[PDB]
$ cat final13.tsv   # TSV, C-alpha atoms
chain	number	residue	atom	x	y	z
A	1	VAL	CA	103.91	115.47	122.35
A	2	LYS	CA	100.22	115.28	121.43
A	3	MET	CA	99.25	113.57	118.17
A	4	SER	CA	96.39	115.45	116.51
A	5	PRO	CA	93.04	113.71	116.15
A	6	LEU	CA	91.77	112.43	112.82
A	7	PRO	CA	90.40	115.60	111.16
A	8	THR	CA	86.73	115.74	110.27
A	9	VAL	CA	86.60	115.91	106.48
A	10	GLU	CA	83.65	116.19	104.16
A	11	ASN	CA	85.04	114.16	101.24
A	12	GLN	CA	84.76	116.01	97.92
A	13	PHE	CA	85.38	112.66	96.29
A	14	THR	CA	85.70	109.15	97.69
A	15	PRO	CA	89.13	107.57	97.28
A	16	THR	CA	89.32	103.82	97.52
A	17	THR	CA	91.88	101.03	97.45
A	18	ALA	CA	92.15	99.59	93.97
A	19	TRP	CA	94.21	96.63	95.22
A	20	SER	CA	96.65	95.53	97.90
A	21	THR	CA	99.35	92.87	97.91
A	22	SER	CA	101.67	91.89	100.76
A	23	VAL	CA	105.41	91.96	100.43
A	24	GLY	CA	106.98	89.80	103.09
A	25	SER	CA	107.25	91.48	106.49
A	26	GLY	CA	107.97	94.95	105.09
A	27	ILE	CA	110.15	97.17	107.29
A	28	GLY	CA	108.66	96.33	110.70
A	29	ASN	CA	109.56	98.72	113.50
A	30	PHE	CA	112.78	99.74	111.74
A	31	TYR	CA	113.40	103.00	109.96
A	32	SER	CA	113.69	102.66	106.20
A	33	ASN	CA	113.50	104.52	102.91
A	34	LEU	CA	112.40	101.43	100.97
A	35	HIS	CA	109.42	102.19	98.69
A	36	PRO	CA	107.73	100.90	95.48
A	37	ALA	CA	108.82	101.59	91.90
A	38	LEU	CA	106.58	101.66	88.85
A	39	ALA	CA	107.53	101.10	85.24
A	40	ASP	CA	105.63	99.92	82.19
A	41	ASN	CA	102.63	98.91	84.28
A	42	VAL	CA	104.65	96.78	86.73
A	43	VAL	CA	105.08	97.61	90.43
A	44	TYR	CA	108.38	96.58	91.98
A	45	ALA	CA	108.57	96.45	95.78
A	46	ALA	CA	110.65	94.77	98.48
A	47	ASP	CA	110.86	94.13	102.19
A	48	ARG	CA	113.79	94.60	104.56
A	49	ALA	CA	114.36	90.84	104.92
A	50	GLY	CA	115.24	90.41	101.20
A	51	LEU	CA	112.05	89.50	99.33
A	52	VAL	CA	111.55	91.46	96.08
A	53	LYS	CA	108.30	91.20	94.08
A	54	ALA	CA	107.09	92.37	90.64
A	55	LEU	CA	103.35	92.95	90.39
A	56	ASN	CA	100.78	93.73	87.75
A	57	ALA	CA	99.90	97.42	88.25
A	58	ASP	CA	96.19	96.87	87.57
A	59	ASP	CA	95.41	94.08	90.05
A	60	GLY	CA	98.57	93.70	92.10
A	61	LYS	CA	99.07	90.02	91.21
A	62	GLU	CA	102.63	88.75	91.44
A	63	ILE	CA	104.54	88.48	88.17
A	64	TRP	CA	107.79	87.34	89.70
A	65	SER	CA	109.54	87.19	93.05
A	66	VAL	CA	112.98	86.58	94.48
A	67	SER	CA	114.47	86.27	97.93
A	68	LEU	CA	117.81	88.03	98.23
A	69	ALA	CA	118.37	86.47	101.66
A	70	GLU	CA	122.03	85.51	102.07
A	71	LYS	CA	122.06	81.71	102.23
A	72	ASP	CA	125.85	81.75	102.07
A	73	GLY	CA	127.01	82.04	105.67
A	74	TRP	CA	126.92	80.37	109.08
A	75	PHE	CA	123.12	80.19	109.24
A	76	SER	CA	121.45	78.71	106.15
A	77	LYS	CA	119.61	81.99	105.56
A	78	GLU	CA	120.50	85.55	106.61
A	79	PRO	CA	118.42	88.72	105.94
A	80	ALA	CA	119.59	91.00	103.14
A	81	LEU	CA	118.63	94.19	105.00
A	82	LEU	CA	117.31	95.86	101.84
A	83	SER	CA	117.10	99.57	102.58
A	84	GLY	CA	117.53	101.91	99.60
A	85	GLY	CA	115.25	101.77	96.58
A	86	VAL	CA	113.50	100.38	94.80
A	87	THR	CA	114.67	102.08	91.61
A	88	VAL	CA	113.89	100.83	88.09
A	89	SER	CA	115.71	101.78	84.89
A	90	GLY	CA	116.62	100.19	81.58
A	91	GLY	CA	115.41	96.67	82.28
A	92	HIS	CA	117.00	96.56	85.76
A	93	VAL	CA	115.63	96.84	89.26
A	94	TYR	CA	118.18	98.36	91.66
A	95	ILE	CA	118.16	97.96	95.44
A	96	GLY	CA	120.72	98.80	98.12
A	97	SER	CA	121.21	97.24	101.55
A	98	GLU	CA	122.49	97.98	105.05
A	99	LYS	CA	125.08	95.28	104.33
A	100	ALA	CA	126.83	97.46	101.71
A	101	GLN	CA	125.51	95.52	98.73
A	102	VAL	CA	123.74	96.83	95.65
A	103	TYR	CA	121.65	94.40	93.62
A	104	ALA	CA	120.58	94.70	90.02
A	105	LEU	CA	117.67	92.40	89.08
A	106	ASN	CA	116.24	91.80	85.61
A	107	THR	CA	112.79	93.31	85.22
A	108	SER	CA	111.94	90.37	82.96
A	109	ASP	CA	112.19	87.58	85.56
A	110	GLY	CA	113.64	88.87	88.85
A	111	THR	CA	116.97	87.13	88.34
A	112	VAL	CA	120.18	88.74	89.63
A	113	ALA	CA	121.95	90.61	86.80
A	114	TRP	CA	124.69	91.67	89.20
A	115	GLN	CA	125.61	92.37	92.81
A	116	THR	CA	128.32	94.77	93.91
A	117	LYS	CA	129.89	95.45	97.30
A	118	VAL	CA	129.80	99.20	97.87
A	119	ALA	CA	131.82	101.36	100.23
A	120	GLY	CA	129.13	101.62	102.88
A	121	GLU	CA	125.49	101.07	103.78
A	122	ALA	CA	123.19	102.01	100.92
A	123	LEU	CA	120.18	103.51	102.68
A	124	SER	CA	119.08	105.78	99.82
A	125	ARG	CA	117.58	104.92	96.45
A	126	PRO	CA	119.91	104.20	93.55
A	127	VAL	CA	119.76	107.05	91.03
A	128	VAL	CA	120.41	106.13	87.42
A	129	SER	CA	121.80	108.46	84.74
A	130	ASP	CA	124.25	108.43	81.81
A	131	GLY	CA	124.63	104.65	82.05
A	132	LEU	CA	125.71	104.76	85.71
A	133	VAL	CA	124.01	103.84	88.96
A	134	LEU	CA	124.74	106.42	91.61
A	135	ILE	CA	125.00	105.24	95.19
A	136	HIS	CA	125.35	107.66	98.08
A	137	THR	CA	126.58	105.56	101.00
A	138	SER	CA	125.85	106.13	104.67
A	139	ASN	CA	129.51	106.97	105.31
A	140	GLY	CA	129.80	109.92	102.93
A	141	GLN	CA	130.80	108.17	99.71
A	142	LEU	CA	129.35	108.56	96.23
A	143	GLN	CA	130.01	105.65	93.90
A	144	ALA	CA	128.98	105.26	90.29
A	145	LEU	CA	128.46	101.70	89.06
A	146	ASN	CA	128.13	100.62	85.44
A	147	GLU	CA	124.55	99.68	84.66
A	148	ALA	CA	125.76	96.75	82.57
A	149	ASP	CA	128.03	94.95	85.04
A	150	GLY	CA	127.92	96.79	88.36
A	151	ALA	CA	131.62	97.60	88.29
A	152	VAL	CA	132.55	100.67	90.33
A	153	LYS	CA	133.54	103.33	87.79
A	154	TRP	CA	134.42	106.02	90.31
A	155	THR	CA	134.25	106.85	94.01
A	156	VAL	CA	134.13	110.36	95.49
A	157	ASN	CA	134.69	110.95	99.20
A	158	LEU	CA	132.37	113.51	100.76
A	159	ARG	CA	118.45	108.93	110.11
A	160	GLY	CA	116.98	110.11	106.81
A	161	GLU	CA	117.40	109.62	103.08
A	162	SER	CA	120.04	111.28	100.95
A	163	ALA	CA	119.92	110.24	97.32
A	164	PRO	CA	121.93	112.00	94.58
A	165	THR	CA	120.26	114.11	91.93
A	166	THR	CA	121.34	114.59	88.36
A	167	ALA	CA	121.18	117.49	85.95
A	168	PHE	CA	122.96	118.29	82.70
A	169	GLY	CA	125.80	115.80	83.21
A	170	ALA	CA	126.41	116.40	86.92
A	171	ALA	CA	125.41	114.69	90.15
A	172	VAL	CA	124.52	116.78	93.19
A	173	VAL	CA	124.47	115.22	96.66
A	174	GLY	CA	123.51	116.59	100.07
A	175	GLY	CA	124.94	115.08	103.21
A	176	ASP	CA	125.59	114.79	106.92
A	177	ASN	CA	128.41	117.32	107.28
A	178	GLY	CA	126.10	120.07	106.00
A	179	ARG	CA	127.83	120.24	102.62
A	180	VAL	CA	126.21	119.93	99.22
A	181	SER	CA	128.45	118.72	96.42
A	182	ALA	CA	128.42	118.79	92.64
A	183	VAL	CA	130.38	116.18	90.72
A	184	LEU	CA	130.78	115.60	86.98
A	185	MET	CA	129.32	112.24	85.96
A	186	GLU	CA	132.08	111.28	83.50
A	187	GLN	CA	134.86	110.68	86.04
A	188	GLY	CA	133.40	112.01	89.28
A	189	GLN	CA	135.42	115.26	89.06
A	190	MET	CA	134.37	117.65	91.84
A	191	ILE	CA	132.85	120.89	90.52
A	192	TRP	CA	131.92	122.62	93.74
A	193	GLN	CA	130.99	122.20	97.39
A	194	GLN	CA	128.80	124.45	99.50
A	195	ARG	CA	128.11	124.47	103.23
A	196	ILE	CA	124.43	124.94	104.01
A	197	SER	CA	124.57	124.60	107.82
A	198	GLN	CA	126.72	125.21	110.92
A	199	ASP	CA	116.37	116.40	117.45
A	200	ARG	CA	114.11	113.40	118.08
A	201	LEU	CA	111.56	114.44	115.46
A	202	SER	CA	114.37	114.99	112.96
A	203	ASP	CA	113.96	112.74	109.93
A	204	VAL	CA	115.42	114.98	107.27
A	205	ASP	CA	115.43	113.94	103.62
A	206	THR	CA	118.60	115.62	102.38
A	207	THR	CA	118.18	114.60	98.74
A	208	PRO	CA	118.74	117.74	96.65
A	209	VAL	CA	116.11	118.71	94.08
A	210	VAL	CA	117.21	120.35	90.88
A	211	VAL	CA	114.71	122.49	88.98
A	212	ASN	CA	115.66	124.74	86.05
A	213	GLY	CA	119.18	125.47	87.26
A	214	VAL	CA	118.42	125.77	90.97
A	215	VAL	CA	119.35	123.24	93.65
A	216	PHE	CA	116.92	123.10	96.56
A	217	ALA	CA	118.28	121.15	99.49
A	218	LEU	CA	117.53	120.69	103.18
A	219	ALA	CA	120.31	120.86	105.74
A	220	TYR	CA	120.62	118.17	108.42
A	221	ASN	CA	118.92	120.64	110.79
A	222	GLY	CA	115.87	121.18	108.55
A	223	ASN	CA	116.78	124.54	107.03
A	224	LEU	CA	115.89	124.79	103.36
A	225	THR	CA	118.41	126.39	101.01
A	226	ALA	CA	118.53	127.23	97.31
A	227	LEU	CA	121.86	127.15	95.47
A	228	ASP	CA	122.78	127.95	91.88
A	229	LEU	CA	123.30	124.65	90.07
A	230	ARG	CA	126.42	125.66	88.20
A	231	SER	CA	128.32	127.57	90.90
A	232	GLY	CA	126.98	126.30	94.23
A	233	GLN	CA	126.43	129.92	95.20
A	234	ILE	CA	123.69	130.30	97.81
A	235	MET	CA	120.63	132.11	96.52
A	236	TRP	CA	118.49	132.06	99.65
A	237	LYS	CA	117.88	130.19	102.88
A	238	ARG	CA	114.89	129.72	105.15
A	239	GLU	CA	116.37	129.50	108.64
A	240	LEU	CA	112.76	129.32	109.77
A	241	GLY	CA	111.58	126.05	111.27
A	242	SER	CA	112.72	122.51	110.58
A	243	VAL	CA	111.61	120.65	107.46
A	244	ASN	CA	111.63	116.86	106.95
A	245	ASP	CA	110.50	116.59	103.29
A	246	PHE	CA	109.64	118.87	100.38
A	247	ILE	CA	108.77	118.77	96.66
A	248	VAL	CA	108.86	121.45	93.99
A	249	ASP	CA	106.16	122.06	91.40
A	250	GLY	CA	105.65	125.14	89.25
A	251	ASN	CA	106.30	128.29	91.24
A	252	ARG	CA	105.76	126.51	94.56
A	253	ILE	CA	107.42	124.41	97.23
A	254	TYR	CA	105.26	122.03	99.23
A	255	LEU	CA	106.73	120.74	102.45
A	256	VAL	CA	106.09	118.89	105.69
A	257	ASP	CA	108.01	119.98	108.75
A	258	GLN	CA	109.18	118.02	111.80
A	259	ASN	CA	105.91	118.73	113.59
A	260	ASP	CA	103.96	117.43	110.57
A	261	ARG	CA	102.77	120.89	109.59
A	262	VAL	CA	102.16	121.00	105.85
A	263	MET	CA	103.02	124.28	104.05
A	264	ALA	CA	103.14	125.85	100.61
A	265	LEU	CA	105.92	128.36	99.92
A	266	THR	CA	106.69	130.52	96.88
A	267	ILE	CA	109.62	129.26	94.81
A	268	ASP	CA	111.89	132.04	96.06
A	269	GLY	CA	111.05	130.69	99.52
A	270	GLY	CA	110.26	134.19	100.70
A	271	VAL	CA	106.63	133.53	101.55
A	272	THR	CA	104.39	131.01	103.29
A	273	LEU	CA	101.26	130.85	101.16
A	274	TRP	CA	99.46	128.67	103.73
A	275	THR	CA	99.98	126.29	106.63
A	276	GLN	CA	97.87	123.23	107.42
A	277	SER	CA	98.44	122.07	110.98
A	278	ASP	CA	95.53	119.67	111.55
A	279	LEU	CA	97.86	116.66	111.19
A	280	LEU	CA	100.34	117.79	113.86
A	281	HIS	CA	102.45	114.91	115.20
A	282	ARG	CA	100.60	112.31	113.13
A	283	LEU	CA	104.01	111.38	111.64
A	284	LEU	CA	103.48	112.06	107.94
A	285	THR	CA	105.18	110.49	104.96
A	286	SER	CA	106.71	112.82	102.42
A	287	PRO	CA	104.07	114.41	100.16
A	288	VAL	CA	103.25	113.79	96.52
A	289	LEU	CA	101.05	115.46	93.86
A	290	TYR	CA	98.25	113.29	92.46
A	291	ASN	CA	95.30	114.47	90.40
A	292	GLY	CA	96.27	118.02	91.36
A	293	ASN	CA	96.04	117.46	95.12
A	294	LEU	CA	98.81	117.08	97.67
A	295	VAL	CA	98.70	113.64	99.31
A	296	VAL	CA	100.40	112.40	102.51
A	297	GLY	CA	100.07	109.25	104.60
A	298	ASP	CA	100.35	109.01	108.37
A	299	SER	CA	101.67	106.53	110.94
A	300	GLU	CA	98.10	105.39	111.61
A	301	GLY	CA	97.57	104.31	108.00
A	302	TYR	CA	95.33	107.11	106.75
A	303	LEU	CA	95.87	109.07	103.53
A	304	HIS	CA	95.02	112.77	103.46
A	305	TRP	CA	94.28	114.75	100.34
A	306	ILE	CA	95.03	118.49	100.43
A	307	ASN	CA	94.08	121.36	98.18
A	308	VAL	CA	97.24	123.08	96.98
A	309	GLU	CA	95.61	126.51	96.74
A	310	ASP	CA	94.58	126.90	100.37
A	311	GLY	CA	95.72	123.79	102.25
A	312	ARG	CA	92.21	122.60	103.14
A	313	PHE	CA	91.48	118.85	103.18
A	314	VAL	CA	89.46	117.59	100.24
A	315	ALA	CA	89.46	113.88	101.03
A	316	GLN	CA	90.53	111.37	103.66
A	317	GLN	CA	90.74	107.57	103.77
A	318	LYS	CA	91.74	104.75	106.08
A	319	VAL	CA	94.05	102.38	104.23
A	320	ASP	CA	96.25	100.17	106.39
A	321	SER	CA	96.42	99.54	110.14
A	322	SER	CA	100.17	98.90	110.25
A	323	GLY	CA	100.55	102.54	109.17
A	324	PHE	CA	102.61	104.47	106.63
A	325	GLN	CA	106.17	105.77	106.72
A	326	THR	CA	107.92	105.59	103.38
A	327	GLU	CA	107.11	107.79	100.46
A	328	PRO	CA	103.93	107.52	98.46
A	329	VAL	CA	104.57	107.22	94.74
A	330	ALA	CA	102.67	109.05	91.99
A	331	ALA	CA	103.50	107.99	88.44
A	332	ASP	CA	101.83	107.00	85.17
A	333	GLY	CA	98.41	107.99	86.45
A	334	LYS	CA	98.77	105.79	89.53
A	335	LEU	CA	99.17	106.32	93.26
A	336	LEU	CA	101.06	103.65	95.17
A	337	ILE	CA	102.07	103.43	98.79
A	338	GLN	CA	103.65	100.72	100.96
A	339	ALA	CA	102.62	100.30	104.58
A	340	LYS	CA	105.01	99.42	107.38
A	341	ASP	CA	103.98	95.76	107.28
A	342	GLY	CA	105.09	95.68	103.67
A	343	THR	CA	101.65	95.71	102.08
A	344	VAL	CA	101.62	97.71	98.82
A	345	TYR	CA	98.44	99.60	97.90
A	346	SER	CA	97.16	101.12	94.68
A	347	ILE	CA	94.87	104.06	95.35
A	348	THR	CA	92.14	105.32	93.03
A	349	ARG	CA	90.76	108.87	93.38
$ encode --input "final13.tsv" --output "structure tokens"
Amino acid sequence: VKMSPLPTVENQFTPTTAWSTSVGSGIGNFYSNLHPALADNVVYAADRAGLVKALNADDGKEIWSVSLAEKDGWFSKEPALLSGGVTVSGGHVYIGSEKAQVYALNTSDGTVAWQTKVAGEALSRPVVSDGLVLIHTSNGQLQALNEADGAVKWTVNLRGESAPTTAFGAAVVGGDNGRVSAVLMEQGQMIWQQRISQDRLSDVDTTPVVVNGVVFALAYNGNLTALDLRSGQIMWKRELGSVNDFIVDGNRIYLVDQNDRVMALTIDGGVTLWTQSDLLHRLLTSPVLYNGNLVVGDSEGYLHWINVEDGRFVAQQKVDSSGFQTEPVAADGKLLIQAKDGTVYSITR
């Protein structure tokens, strides 16, 4: 109901915007999981309409760009509805769309290496492993495409993102029905399935996270479960409260629930170390670790920096008026985030 006010923070440091660069019209008022990718000092980002850009990671200046708008149809130009991604790997930029297409672009010049029709809407980021691009579709399919030519090697029938995760030769996918699946990457052979379950604030990221032989996954209802990677056997479940996003680091789980409470939990999920509720109903992005702090954005376009030991705020900063939604990205010493209007920011502690 009530969005919390902007907390009063005594900054312990003063984070600023290193640069910003627009990317078309971004995602607008639509829900999306589209976010930036970073590789070898180049930022790759897109908008829903079909514009993809490659940018210098130091100053945000465009290196290349391409419009994936479908100009083959009744109207001379139709939106691509880019939705899942961006993912970069092995000289390719991969992006999925609500129109059941997956694009592979060359990192060198933005040109289309290949485009493949997939079995359903691709709303989740491509995940690349073992020479295959894994695509979890919105209608319960997992397809593996060859990185080289985008051919569908195998298909396995099984709001919110649900990308696959990979570990030791297997893919693990969460999903709508409340089942988590493990599938061998070679030929998509099913190894095991496990049921982990069985409304307006519900935006659950059901992407599994695999850490040292444990699969941590959220159910469609927001319950967090831990399963043994190899067997799918359930190790523990927190039927407490409803979680939207989480990350794992060391012996800790950091999460943001449907009310926008931020928490730290022990890795066995048996204990809440702390809860920070000062951002209640501010509609937070998923969290990320940067410079040792937990960072989240909100729908009003502020970034909040949180101490992982006690949950207190250490810094705050206004960034973009269109507001944040998709995930911040922390990689190669950089912090990147894309606002709803499409504008991509680099943030410096």
$ closest_atom_pairs --input "final13.tsv" --of "segment 203-295 of chain A" --to "segment 329-341 of chain A" --cutoff "8 Å" --atoms "only C-alpha atoms" --output "JSON lines"
{"residue": "A:288", "atom": "CA", "partner": "A:330", "partner_atom": "CA", "distance": 6.6}
{"residue": "A:289", "atom": "CA", "partner": "A:330", "partner_atom": "CA", "distance": 6.9}
{"residue": "A:290", "atom": "CA", "partner": "A:330", "partner_atom": "CA", "distance": 6.1}
$ closest_residue --input "final13.tsv" --among "A:277, A:316, A:83, A:202" --to "residue 97 of chain A" --atoms "all atoms listed in the file"
A:83
$ residues_around --input "final13.tsv" --residues "residue 310 of chain A" --least-positions-apart "6" --cutoff "10 Å" --atoms "all atoms listed in the file" --output "PyMOL selection string"
chain A and resi 263-264+273-276
$ closest_residue --input "final13.tsv" --among "A:27, A:34, A:42, A:167" --to "residue 123 of chain A" --atoms "only C-alpha atoms"
A:34
$ residues_around --input "final13.tsv" --residues "residue 155 of chain A" --least-positions-apart "4" --cutoff "8 Å" --atoms "all atoms listed in the file" --output "ChimeraX atom specification"
/A:141-144,188
$ atom_distance --input "final13.tsv" --atom1 "atom CA of residue 168 of chain A" --atom2 "atom CA of residue 212 of chain A"
10.3 Å
$ atom_distance --input "final13.tsv" --atom1 "atom CA of residue 152 of chain A" --atom2 "atom CA of residue 70 of chain A"
21.9 Å
$ residues_around --input "final13.tsv" --residues "segment 48-65 of chain A" --least-positions-apart "5" --cutoff "6 Å" --atoms "only C-alpha atoms" --output "JSON, numbers by chain"
{"A": [19, 21, 26, 27, 41, 42, 43, 79, 80, 81, 82]}
$ residues_near_point --input "final13.tsv" --point "(99.0, 113.8, 117.5)" --cutoff "12 Å" --atoms "all atoms listed in the file" --output "ChimeraX atom specification"
/A:1-7,259-261,277-284,298-300
$ closest_residue --input "final13.tsv" --among "A:320, A:268, A:239, A:47" --to "residue 226 of chain A" --atoms "all atoms listed in the file"
A:268
$ decode --input "final13.tsv" --residues "segment 135-148 of chain A" --atoms "N, CA, C and O atoms" --output "PDB file, in the first residue's frame"
ATOM      1  N   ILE A 135      17.904 -21.778 -23.826  1.00  0.00           N
ATOM      2  CA  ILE A 135      16.761 -20.879 -23.888  1.00  0.00           C
ATOM      3  C   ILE A 135      15.572 -21.513 -23.190  1.00  0.00           C
ATOM      4  O   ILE A 135      14.972 -22.453 -23.704  1.00  0.00           O
ATOM      5  N   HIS A 136      15.236 -21.009 -22.011  1.00  0.00           N
ATOM      6  CA  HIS A 136      13.996 -21.401 -21.358  1.00  0.00           C
ATOM      7  C   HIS A 136      12.841 -20.542 -21.887  1.00  0.00           C
ATOM      8  O   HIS A 136      12.831 -19.323 -21.693  1.00  0.00           O
ATOM      9  N   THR A 137      11.878 -21.163 -22.560  1.00  0.00           N
ATOM     10  CA  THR A 137      10.793 -20.383 -23.149  1.00  0.00           C
ATOM     11  C   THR A 137       9.651 -20.197 -22.167  1.00  0.00           C
ATOM     12  O   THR A 137       9.573 -20.882 -21.152  1.00  0.00           O
ATOM     13  N   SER A 138       8.767 -19.264 -22.485  1.00  0.00           N
ATOM     14  CA  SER A 138       7.699 -18.871 -21.580  1.00  0.00           C
ATOM     15  C   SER A 138       6.600 -19.930 -21.493  1.00  0.00           C
ATOM     16  O   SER A 138       5.714 -19.847 -20.638  1.00  0.00           O
ATOM     17  N   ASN A 139       6.658 -20.915 -22.386  1.00  0.00           N
ATOM     18  CA  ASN A 139       5.710 -22.021 -22.373  1.00  0.00           C
ATOM     19  C   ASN A 139       6.347 -23.360 -21.972  1.00  0.00           C
ATOM     20  O   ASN A 139       5.987 -24.415 -22.493  1.00  0.00           O
ATOM     21  N   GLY A 140       7.299 -23.303 -21.048  1.00  0.00           N
ATOM     22  CA  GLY A 140       7.829 -24.494 -20.415  1.00  0.00           C
ATOM     23  C   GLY A 140       8.756 -25.362 -21.244  1.00  0.00           C
ATOM     24  O   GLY A 140       8.875 -26.556 -20.974  1.00  0.00           O
ATOM     25  N   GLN A 141       9.418 -24.774 -22.236  1.00  0.00           N
ATOM     26  CA  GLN A 141      10.391 -25.499 -23.046  1.00  0.00           C
ATOM     27  C   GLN A 141      11.818 -25.088 -22.682  1.00  0.00           C
ATOM     28  O   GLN A 141      12.062 -23.964 -22.264  1.00  0.00           O
ATOM     29  N   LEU A 142      12.757 -26.011 -22.840  1.00  0.00           N
ATOM     30  CA  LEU A 142      14.170 -25.672 -22.751  1.00  0.00           C
ATOM     31  C   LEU A 142      14.798 -26.142 -24.044  1.00  0.00           C
ATOM     32  O   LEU A 142      14.708 -27.321 -24.388  1.00  0.00           O
ATOM     33  N   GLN A 143      15.388 -25.212 -24.785  1.00  0.00           N
ATOM     34  CA  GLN A 143      16.021 -25.540 -26.049  1.00  0.00           C
ATOM     35  C   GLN A 143      17.472 -25.148 -26.007  1.00  0.00           C
ATOM     36  O   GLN A 143      17.818 -24.106 -25.454  1.00  0.00           O
ATOM     37  N   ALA A 144      18.322 -25.992 -26.581  1.00  0.00           N
ATOM     38  CA  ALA A 144      19.744 -25.702 -26.651  1.00  0.00           C
ATOM     39  C   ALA A 144      20.114 -25.449 -28.102  1.00  0.00           C
ATOM     40  O   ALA A 144      19.917 -26.318 -28.948  1.00  0.00           O
ATOM     41  N   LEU A 145      20.632 -24.260 -28.394  1.00  0.00           N
ATOM     42  CA  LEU A 145      21.024 -23.932 -29.762  1.00  0.00           C
ATOM     43  C   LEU A 145      22.541 -23.953 -29.880  1.00  0.00           C
ATOM     44  O   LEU A 145      23.250 -23.600 -28.931  1.00  0.00           O
ATOM     45  N   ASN A 146      23.043 -24.373 -31.037  1.00  0.00           N
ATOM     46  CA  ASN A 146      24.476 -24.324 -31.289  1.00  0.00           C
ATOM     47  C   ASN A 146      24.908 -22.881 -31.309  1.00  0.00           C
ATOM     48  O   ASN A 146      24.228 -22.047 -31.897  1.00  0.00           O
ATOM     49  N   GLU A 147      26.029 -22.588 -30.658  1.00  0.00           N
ATOM     50  CA  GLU A 147      26.570 -21.238 -30.644  1.00  0.00           C
ATOM     51  C   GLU A 147      26.964 -20.799 -32.041  1.00  0.00           C
ATOM     52  O   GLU A 147      26.791 -19.637 -32.410  1.00  0.00           O
ATOM     53  N   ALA A 148      27.511 -21.733 -32.810  1.00  0.00           N
ATOM     54  CA  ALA A 148      27.988 -21.450 -34.163  1.00  0.00           C
ATOM     55  C   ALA A 148      26.899 -21.069 -35.170  1.00  0.00           C
ATOM     56  O   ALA A 148      27.055 -20.112 -35.928  1.00  0.00           O
TER      57      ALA A 148
END
